[PDB]
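Reading the structure
Each chain is listed here by its residues.
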Protein chains: 2
Amino acid sequence: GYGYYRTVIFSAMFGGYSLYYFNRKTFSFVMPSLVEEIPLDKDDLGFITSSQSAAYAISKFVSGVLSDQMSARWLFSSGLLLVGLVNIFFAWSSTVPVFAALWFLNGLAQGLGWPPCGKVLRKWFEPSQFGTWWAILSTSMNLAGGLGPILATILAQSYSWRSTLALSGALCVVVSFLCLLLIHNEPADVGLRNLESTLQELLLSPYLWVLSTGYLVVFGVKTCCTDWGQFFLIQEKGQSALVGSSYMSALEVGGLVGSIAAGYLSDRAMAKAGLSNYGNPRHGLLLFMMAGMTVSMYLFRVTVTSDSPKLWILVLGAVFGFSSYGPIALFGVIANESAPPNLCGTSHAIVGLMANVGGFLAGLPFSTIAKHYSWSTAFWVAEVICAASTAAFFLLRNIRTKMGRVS
Amino acid sequence: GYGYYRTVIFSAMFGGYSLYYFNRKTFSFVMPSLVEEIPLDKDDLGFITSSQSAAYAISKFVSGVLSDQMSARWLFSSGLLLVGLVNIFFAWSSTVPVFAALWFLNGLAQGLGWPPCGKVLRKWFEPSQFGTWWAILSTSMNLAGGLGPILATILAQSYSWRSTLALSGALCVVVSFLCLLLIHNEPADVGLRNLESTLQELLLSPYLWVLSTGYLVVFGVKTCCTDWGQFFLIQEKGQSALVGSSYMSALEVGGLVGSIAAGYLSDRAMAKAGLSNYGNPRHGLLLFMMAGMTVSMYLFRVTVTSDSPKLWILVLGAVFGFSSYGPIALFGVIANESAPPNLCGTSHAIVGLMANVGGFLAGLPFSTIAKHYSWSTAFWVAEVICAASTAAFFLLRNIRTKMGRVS
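About the cut-offs
- Residues numbered from 1 in each chain as written, not as in the entry; some residues may be left out.
- Chains lettered and ligands numbered in written order.
- Heavy atoms only, no water.
- Helix = DSSP H or I, 4+ residues; strand = E, 2+ residues; numbered from the N terminus.
- Expected span 1.5 Å × (residues − 1).
- Bend = angle between axes of the 7 residues up to and from the residue.
- Axes fitted to C-alpha atoms, helices over the stretch in contact; angles between N-to-C directions.
- Parallel < 35°, antiparallel > 145°, perpendicular 65-115°, else oblique.
- Left-handed = near helix turned anticlockwise from the far one by under 90°.
- Contact = heavy atoms within 4.5 Å.
- Nonpolar A, V, L, I, M, F, W, Y, C, P; charged D, E, K, R; others polar.
- Least-squares fit on C-alpha atoms.
- Domains from an automatic or database assignment.
- Buried area = accessible area lost by both parts, 1.4 Å probe.
- Salt bridge = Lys/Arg side-chain N within 4 Å of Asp/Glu carboxyl O.
- Polar contact = N/O pair within 3.5 Å; in protein donor to acceptor, adjacent residues only side chain to side chain.
- Buried < 20%, exposed > 50% of the residue type's maximum accessible area, 1.4 Å probe, protein only.
- Patch = residues over 30% accessible without salt bridge, like charges linked within 9 Å, V, L, I, M, F, W, Y side chains within 5 Å.
- Areas by Shrake-Rupley, 256 points an atom, 1.4 Å probe, with all protein chains shown as cover.
- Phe/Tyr/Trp six-rings, centres within 6.5 Å; stacked < 30°, edge-to-face > 60°.
- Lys NZ or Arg CZ within 6 Å of the ring centre and 35° of its normal.

A word on helix α15 (residues 344-372) of chain A. For α15(A), spanning 29 residues, the distance from its first C-alpha to its last is 42 Å, which sits close to the expected 42 Å at 1.5 Å a residue. The largest bend along α15(A) measures about 30° and falls at A:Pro365.

See below:
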C-alpha cells in the first residue's frame with residue numbers, strides 16, 4: 001500500500017537511527033568496563049570524545065550537503081555499515097591512537113546518517129504528518145540513549161567490551177542491509193505519487209538565517225541549562241546533588257515529551273492552516289514554546305530558593321525541557337519543510353552548524369560569565385538572549401518562509 | 001551665587017554651541033549665494049560636506065576622549081576660536097581644495113566643542129537637573145538650525161557670502177573669548193562645592209555597550225525615517241511631496257519637544273528615584289519612548305494608505321519625532337551620567353561612534369533592502385530591529401549602570 005510502506009520505511013529508519021545513536025555512544029556506555037580493562041586518562045577519553053564531536057559536527061554539515069546530491073537509501077545504509085565496521089574494528093583494537101582515529105571515523109559515519117532520515121521523511125510524509133514522525137524518529141535517539149546504558153551494563157556484566165562492541169557492530173552490519181532492502185528514498189521508485197532551486201537562492205533567503213539565529217539561541221540556552229543547571233542548583237541556589245540530578249532527569253523526560261508534543265501539535269496547526277506562502281503554522285507553537293523557555297528561566301531564577309520544594313524544581317525542569325526540546329525539533333522540522341525539496345538536507349545542515357556555534361557559546365563564555373559575575377547573572381544573560389530572541393522571532397514570524405526562488 | 005553661576009555658564013554654553021551649529025552648517029546655509037557666485041558640482045559639494053562629516057565623526061570621538069584629559073573651558077573656547085578662524089579664512093578663500101580642507105578642519109573644530117559642554121553640565125548641574133539642561137543645550141543646536149537659514153538668507157540677500165562668513169567667523173572669535181571668561185569647568189575654581197576610575201574599567205562595563213547598541217538602533221531608526229520617510233510616502237504610500245515635507249516638519253518639531261520632554265520628565269524620574277546602583281531611573285522613560293518608536297513605525301506602516309488624512313500623517317510624524325529624538329538625548333544623558341565623573345566625555349564619545357555606525361546602517365543597507373524587496377519591507381526591518389531592541393533593553397534595564405569600578 002502507501003501507508004504500509006510509510007510504516008515499513010519508518011520502522012527501518014527507527015531501527016537504523018536507534019542503532020546509530022547506540023553505536024554513537026557505545027564507547028561512553030561501555031566506558032566503565034573498558035577503563036577496568038585498560039587504564040586511560042580523563043584527558044585521553046576527552047580527546048576521543050572530542051574527536052567524535054568534531055567529526056560529527058563536520059559530518060552533520062557535510063552529510064546534509066551531500067544528502068541532497070546522492071540517494072538517502074544508499075547514504076543511510078552506507079552510514080550504518082560503516083558504523084558497524086568501525087565498532088568491529090574498535091572491538092578489535094587495543095592501542096590509543098587507533099581508538100581515537102577510528103572513533104573520529106565513527107563520528108564521520110554518525111554524521112552521515114540523519115540527513116538521509118530527513119530526506120526520506122520529507123519525500124514520504126505529508127506536511128500534516130511530518131513533525132510528529134520527525135519527533136518519533138528523534139524519540140528513536142532518546143530511546144537508544146535510555147536503553148543503551150542498561151543493555152550495555154548487562155552486556156558488560158556478562159561479556160567483555162570487545163564482545164559487546166563486536167555484537168553491536170555486527171548488528172549494525174546486518175541492519176544496514178535490512179535498511180538497504182526496506183527503505184525507498186522516494187515513492188517514485190515504487191510507483192506511487194510524490195508529494196528547481198539553487199543553493200545561492202537558499203542562502204540569500206533571510207528565513208534560513210532567522211531560523212539559524214533562532215536555533216543558535218534555543219540550542220545555546222538548552223545547552224546552558226543542560227550543562228549548568230546542576231551547578232546553578234549546587235553553588236547558587238543551594239540545593240543538594242540529588243535535587244540537581246532529579247532536575248536533569250525531569251528536564252530530559254519533559255524534553256522527550258516536549259519534542260513529541262511539539263511535533264504532534266505543530267502538525268495539527270500545519271494541518272489546520274496552510275494557505276499562504278508567508279509565515280509558518282509551526283511558528284504558532286514555536287513561539288509559545290520559546291516563551292515557555294523565557295517563563296521557565298525566569299521562574300527558575302527568581303522563584304527558586306533553598307526553601308523551595310523539590311516538586312517546584314521538577315516542574316521547572318519538566319516545563320523547561322518541554323519548552324526547550326520542543327523548539328529544537330521544530331527548528332529541525334522547519335529547516336526541512338521550508339526548504340526546497342531537493343535542497344532540504346543542506347538547509348538543515350546550515351542550521352546544525354549554528355547548533356555547534358550555540359554549543360560553544362554555552363560551553364565557554366557562559367562559564368566565564370558565571371565565574372566572573374555570578375551564576376544568576378549568567379543564567380539571566382541566557383534568559384535575556386532567549387527572551388529577546390523570542391521577541392525578535394515573534395516579530396519575524398510572518399516573513400517569507402518558503403526558501404528558494406520567488407514566484 | 002551658585003544658581004547664578006549656573007545661569008551664566010549655561011548662557012555662555014548656549015551662545016557658544018549655537019554659534020557652533022550655525023558655523024557648522026553656514027556653508028550649507030549660504031550655499032545658494034555661493035553657487036550663484038562660483039559654479040560647483042553636486043559631487044564637489046558632497047565631497048566638502050562629506051569631509052566635514054568624516055572629520056566631525058573622528059573629532060567627536062577624539063574630543064570626547066580628550067575632554068576628560070584637559071579643561072573643558074579652554075577646549076570649548078579653542079574650538080570656538082578655531083571655528084571662527086576657519087570661517088574667516090573660508091570667506092577669504094576662492095579655490096576648491098582650500099574649501100574642502102578648511103571645511104575638514106572646521107569639522108575637526110566642530111567635533112572639538114560638545115564634550116566640553118557635556119563635562120561642564122556634568123560638573124555643574126545636579127542629576128535631578130541634568131537631562132533638562134542637556135536638552136536645552138541641544139535645543140541650542142535646534143534653534144541654530146531654525147534661525148540659521150533665515151538669518152543666512154537675509155545676510156545673503158543683503159551682503160555676499162564672504163561678508164556673511166566673515167561676520168559669523170568674527171562673531172565666533174569674539175564669543176570664544178567671552179566663553180573663556182564666562183565659563184568655569186568646575187565649581188572648585190570659584191570656591192563652591194563639587195557634586196578614581198580607568199578606561200579599561202569603563203570598556204569592560206557591559207552597560208556602556210548595551211547603551212551603545214541601544215543608541216546604534218535608535219539613531220539608525222531615526223536616520224532611516226528621517227532620510228526615507230518622504231520616499232516612503234512618495235513611492236510606497238502614495239502621498240504628495242507636500243505631505244512628506246509636512247511629515248518631516250512634524251517629525252522635527254515633535255523631535256524638539258521630544259528631546260525637551262525627555263530631559264525634563266527623565267529628570268523628574270531621576271529626582272524621585274535614585275537609591276540603588278543597579279538600573280537607572282531614566283530607563284523608566286527611555287523604554288516608553290522606544291516603545292513609542294515601535295508603535296509609531298507600526299501605525300505608520302500598516303495604518304497609512306493614500307486615503308489616510310494628512311492629520312494622521314502629522315500625528316505619526318510628531319509622535320515618532322517625540323519618541324525618537326527623546327531617546328537620543330537620553331542616551332547622551334545616560335552616557336554622561338552613568339559614567340565616572342572624570343571619564344564621562346570618553347564614555348559619551350564611545351556612544352557617538354555607534355551613532356556613526358547607525359548612520360551608515362541607515363544610509364546604505366536600508367536603501368538596499370528598500371530597493372530589492374519593498375519600502376514597507378525595509379521600514380518593517382527597521383521596525384523589527386527597533387522593537388527587538390526595545391525588548392532587549394527592557395530586559396537589560398536593571399543591569400549595573402554605574403560604569404567604572406565595582407565597590
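Residues and elements named next belong to chain A. The geometry of helix α5 (residues 72-91) relative to helix α7 (residues 114-124) is characterised by a closest axis approach of 8 Å and an angle of 150° between their N-to-C directions. As the angle between them shows, α5 and α7 are arranged roughly antiparallel. The two elements α5 and α7 meet at a crossing, and its hand is left-handed. Of the residues in α7, those touching α5 at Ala 72, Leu 75 and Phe 76 are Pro 116, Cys 117, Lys 119 and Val 120. Classifying every residue of the contact of α5 with α7 by side-chain character gives six nonpolar, no polar and one charged.

Aligned on chain B, chain A shows an RMSD of 0.0 Å; the corresponding rotation is 180° and the shift along the axis is 0.0 Å. Expressed as a symmetry operation, the mapping of one chain copy onto the other fits a two-fold axis. Counting the interface residues of chain A, we find that 100% of their copies in chain B are interface residues as well, pointing to one common contact surface.

Here the focus is the domain arrangement of chain A. All names here are of chain A. One can read the domain layout of chain A as domain 1 (3-181) and domain 2 (199-398). Computed over C-alpha atoms only, the centres of domain 1 and domain 2 are separated by 25 Å. Taken residue by residue, the interface counts 21 residues in domain 1 and 28 residues in domain 2. Carbon and sulfur atoms supply 58% of the area buried between domain 1 and domain 2, which totals about 2,100 Å² over both sides. Of all residues in domain 1, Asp 68, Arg 122 and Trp 134 bury the most surface against domain 2, accounting for 29% of the area lost on that side. Summed over the shared surface of domain 1 and domain 2, the result is zero salt bridges. Taken together, domain 1 and domain 2 are joined by 13 residue pairs in polar contact. With six residues, the single largest contributor to the side of domain 1 that touches domain 2 is helix α8 (residues 131-158). Its residues assigned to classes, the side of domain 1 that touches domain 2 comprises eight nonpolar, eight polar and five charged.

What follows deals with the interface of chain A and chain B. Residue-level contacts link 12 residues of chain A with 12 residues of chain B. Both faces considered, chain A and chain B share a buried interface measuring about 860 Å² in area, 83% of it formed by carbon and sulfur atoms. The largest per-residue losses of area from chain A upon contact with chain B belong to A:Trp380, A:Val384 and A:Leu395, which jointly make up 46% of the total buried on that side. Across the chain A-chain B interface, the total number found is zero salt bridges. The greatest single-element share of the side of chain A that touches chain B, amounting to seven residues, is contributed by helix α16 (residues 375-395) of chain A. Residue composition of the side of chain A that touches chain B, grouped by class: 12 nonpolar, no polar and no charged.

Residue and element names in this part refer to chain A. Compared with the 40 Å implied by 1.5 Å per residue over 28 residues, the 40 Å span of α8 between its first and last C-alpha is a close match. Bending of α8 peaks at approximately 35° at the position of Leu 147, with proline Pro 149 no more than four residues after it. Along α8, the residues that are buried comprise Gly 131, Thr 132, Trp 134, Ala 135, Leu 137, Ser 138, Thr 139, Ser 140, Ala 144, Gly 148 and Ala 152. Lining the buried residues of α8 we find α1 (3-22), α2 (26-29), α7, α12 (241-272), α14 (310-337) and α15.

Moving on: a nonpolar patch on the surface. Residue and element names in this part refer to chain A. A surface patch of nonpolar side chains, amounting to about 470 Å² of accessible area, comprises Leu 143, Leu 147, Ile 150, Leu 151 and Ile 154. Note that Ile 150 resides in helix α8. A relative accessible area of 52% means that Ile 150 is categorised as exposed.

Turning our eyes to something else, we now look at the environment of B:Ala291. Residues and elements named next belong to chain B. The residue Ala 291 is located in helix α13 (residues 283-302) in this model. For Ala 291, a relative accessible area of 31% puts it in the partly exposed group. Along the primary structure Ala 291 and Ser 324 are separated by 33 residues, whereas in three dimensions their C-alpha atoms are 9.9 Å apart.

Quick look at the packing of aromatic side chains now. Any two aromatic rings considered together are summarised by their centre-to-centre distance and by the angle between their planes. Scanning the model with the defined rule gives 56 aromatic pairs over all chains in all. A centroid spacing of 5.0 Å and a plane angle of 40° characterise the contact between A:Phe90 and A:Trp103, whose relative ring orientation is tilted. Taken together, the residues A:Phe90 in helix α5 and A:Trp103 in helix α6 (residues 96-111) connect sequence positions 13 residues apart. Among the residues examined, A:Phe90 registers a relative accessible area of 0% and is labelled buried. When the ring of B:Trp228 is compared with that of B:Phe231, the centres are 4.9 Å apart and the planes differ by 55°; the resulting orientation is tilted. Of the two residues, B:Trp228 and B:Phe231 both sit in helix α11 (residues 206-236), three residues apart, roughly one turn of that helix. When its relative accessible area of 34% is taken as the criterion, B:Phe231 is described as partly exposed. An aromatic cluster is present here, built from A:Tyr17, A:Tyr20, A:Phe76, A:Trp114, A:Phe130 and A:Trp134 joined pairwise through their rings. Stacked on the ring of A:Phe394, the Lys or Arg A:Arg397 has its end atom at 4.3 Å from the ring centre.

A few words now on the side chain of B:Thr390. Structurally, B:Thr390 can be placed in helix α16 (residues 375-395). Once you skip the residues sitting within four places of it in the chain, B:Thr390 turns out to touch B:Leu287, B:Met290, B:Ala291 and B:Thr294.

What follows deals with the environment of B:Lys237. All names here are of chain B. Relative to the helices and strands, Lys 237 is located in the loop between α11 and α12 (241-272). A relative accessible area of 12% places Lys 237 in the buried class. Note: C-alpha distance between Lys 237 and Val 315 (78 residues apart in sequence) is 16 Å. From its side chain, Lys 237 meets the backbone oxygen of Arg 301 in a polar contact 2.6 Å long.

On to the pattern of salt bridges. Applying the stated criterion across every chain, the model contains six salt bridges over all chains. Two residues, A:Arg405 and A:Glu196, come together in a salt bridge whose shortest N-O distance is 3.1 Å. Linking A:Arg405 in the segment after α16 with A:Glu196 in the loop between α9 (161-181) and α10 (199-203), this pair joins segments that are 209 residues apart in sequence. Under the relative-accessibility criterion, A:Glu196 is labelled exposed at 76%. One salt bridge connects B:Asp267 with B:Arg282, and the closest N-O pair in it is separated by 2.8 Å.

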